[PDB]
């Protein structure tokens, strides 16, 4: 009686961790840390 | 009277300090300080 499936291993409950691990390279940019962010309401912003 | 064992040294009680001093070279590693440490429940971990 060990961890071999034919020797009792079928009683082991399956474990899954739903925390998805992103593997895409992506892209990083830091403009939003230095640039002015204004809130618009229509379709064109006038200053 | 003196510290020689034959002249009154037999009354001096033995002194021992029970803290062991490890002398092995050992091995140092710092991967556990940068690596993710999940906890498992069965025999295989799935993500």
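Key figures
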| item | result |
| --- | --- |
| Teacher prompt: residue B:39 distances to equivalent labels in other copies, 7 Å Cα→Cβ, nm | 4.2 |
| Label distances, nm, residue A:7 versus same residue in remaining copies, Cβ-directed 7 Å point | 7.3 |
| Convex hull of Cα atoms in chain B, direction-averaged projection (nm²) | 8.4 nm² |
| Cα gyration tensor, the protein assembly as shown - rounded (a/c under 1.5), prolate or oblate | oblate |
| For the axis carrying chain B to chain A: nearest C-beta residue of B, whole Å | B:33, 24 |
| Label point 7 Å beyond Cα along the C-beta direction, distances from residue A:26 to other copies (nm, shortest first) | 3.7 |
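Here Cβ is always computed from backbone atoms with ideal geometry, including for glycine, and neighbour counts include all displayed protein chains. None of the figures in this text is laboratory data; all of them are computed from the coordinates on show.
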